[PDB]
Each structure stands twice: as structure tokens, then as C-alpha cells.
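As C-alpha cells, one chain now follows by itself in the form deposited in one PDB entry.
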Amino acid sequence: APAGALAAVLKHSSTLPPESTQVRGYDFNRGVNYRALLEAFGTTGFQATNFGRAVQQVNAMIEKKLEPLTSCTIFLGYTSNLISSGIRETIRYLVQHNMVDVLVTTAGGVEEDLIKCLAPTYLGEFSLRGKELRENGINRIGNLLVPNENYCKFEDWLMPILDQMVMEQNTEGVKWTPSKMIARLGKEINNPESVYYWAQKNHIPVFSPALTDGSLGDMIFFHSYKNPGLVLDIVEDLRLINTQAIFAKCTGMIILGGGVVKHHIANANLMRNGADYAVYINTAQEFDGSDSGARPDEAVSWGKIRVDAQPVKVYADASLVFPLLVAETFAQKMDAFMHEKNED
């Protein structure tokens, strides 16, 4: 056998350092111990390991937070479609129990939470044809379906509130911004199944710079014809979110998906020289030079994440991962949260 070929393939190696963790997956011969099965992800490799790490990093934020400012200001960001999904329940739970501090989502993430209190979203298929669906008035979101009548009901619900908002603006001197509007819609919906009803109740601000990009915008638009004048200033909202990071004793970022939501939270944290913790769960890739697909390490170069931080990105659809992440972090600490509220 050729010497050079042998030497290249049979290259010797020393042993790995003692601290080295072995790849080992869950052993079903033990039966189904879910907690152990979930912890086993950490040593399974690839994204499972990243999920194992995410759990560890979210638990660090929490522990830190449990040490009105708190010991750690957690920013929760999520894309609109995630509110279209069942993750709406997951998010509402965190908000309901005051487990997070700031929320940021896109227009869809706001409106669809309120509309779900008016009518449901249904399961459909990615393959459903647009033409046939349009002829029936059915809007498709992935493999989900939103009957257009939901938006017609949304209008009936929203319009009178918009009458009042423009009224307050012009007589009571109210300066509306996306966050202020969202807090108002949340109080109006007055439904415990709503994320914004709880955010409003627990004084958790919700930022959404492009609140006009969706149904709410459609309604504001049509309403402006009979009632012009409504102003939504995004500048004051910039101030609000930014000072939230600046005056934080410590920060953690939990971001599902990318886009404006991901960037907005990271930019707020740049104001304090970087977030202390960061866990992302998104499907975007770096190859196209996009922000959405950028690895956390890129954020480090900008100063958005502390150089000493240990950000974690799980490359996966958050509809499958977020509830598992919550099961092993926030849901395990319920009693701990209640404790700080003097309820346990």
C-alpha cells in the first residue's frame, strides 16, 4: 500500500481533553422518561445539542432574573406567523405570568392575536391552491387557514376603538405610537386567551415599528377616510425600547424567527453594549448576507451581544421547538416566579 496514502488516512491523534463530552443519545430501554429524553438532546449532536444549550441559556436568564426593574430584562421577539400558529398559546402563557419583560412582534403578530378572540384559525395544507381559496374568501398562511370573514369581524370590532383613539388624540392630547396602540387593543379585547390582554395587564410593552403592515393597517387606512388625522409615531417607541435596554441591570434575548423583530431587539441591546444572554430559534441561513439568517457571532461584531456572552441559535421551526424549550425552562420555574410575586 502506498506509504503516502497510508500516512494521510492513518494519521495518529492524541486523546481529547478530559472535559470532553461524549456523543450519546437517549436509551429507550429505560422506557420513556421525558425529562431525561429532553436532557439527552444535549449530547445527541447537531441542533439537538443546540437545543440542549438553549435550555441551559434560557435557564440562566431566569435564574438571574429571579435574583419595575428585575435582575434581568428579558426581550421576547417573534414573527407574525408564529401568532397565526399555536405558539400564540405558548407566548400568552409567558406574558400572562409576567415571565418576560418586553415583547416585539410585527403587525401580524399583533392583529392575529386579537382576531383569534373573534374567530379561529384552521388547519389546512401548504398545497392548497390560491385561486380556489380566493374564490371562497379563504386566506392561506402556510398550512393554516384564516377565513376572510375573520377580518370583516375584526373591522366591526376595531372601528369604534379607532373612533375613540382619534378622538383622544385631538381632545385629550394623546400621542399615539405602536406600543400605546397595542396596549389599548389589549385592554379592549378583554379576553384571557389574548397575549396583549395580559401584556397590557402586566405592563409589558409591545413594540412593532411597522404596525401598518397588515389588517390593522388596512383598517386604519379605510378609517382615515371618514376620520383622518390618526398619527402613529415610531420615534417615541424607539426611545422606549432603547431605554429599556440602557437601564436594565442585565438582559436576555429570546427571539423566534428573524426580520425587524430580531434586529430591533438586538439594536436596543447595543445601547448597553450588548445583551448578556441570547437564544434564537430560526430557520434563516447566513449565505445570502441577510440579517435574519445571520449567526449570533455576527451580532457580537456589532456589539449587540456581549463578547463574554454565550449566544445559542437553534436552526429549527419554532412551532416544534419553542414549546419544548418552554417546558424545560419557564414551565419548570413557575413556583419560582410565583414566589417573587409573593404567591408561593
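Only residues modelled in both forms are compared. Each form is matched to the other, and the largest set of C-alpha atoms that superpose within 1.5 Å is called the rigid core. A residue's number is simply how far along the shown sequence it sits, counting from 1.
Another form, the form deposited in another entry, is not on view; read the next lines as being about it.
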- [ ] With the two forms aligned on their rigid core, point out which item of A199, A268, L185, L82 shifts its C-alpha by 2 Å or more between the shown form and the other one.
- [x] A268
Open item on the list: Using the rigid core as the reference frame, would you say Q310 shifts its C-alpha by 2 Å or more between the shown form and the other one?
Closed with: yes
Open item on the list: Aligned on the rigid core, do the two forms place the Cα of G259 2 Å or more apart, comparing between the shown form and the other one?
Closed with: yes
- [ ] Given a change of 3 Å or more, say if the Cα atoms of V260 and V312 sit closer or farther in that other deposited form than in this form.
- [x] closer
Task: Sense of the change in Cα distance from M253 to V260 in that other deposited form - at least 3 Å versus the shown form - done: closer
Open item on the list: Tell me which consecutive stretches, at least 3 residues long, show Cα shifts of 2 angstroms or more between the shown form and the other one after the core superposition.
Closed with: 259-271, 305-310
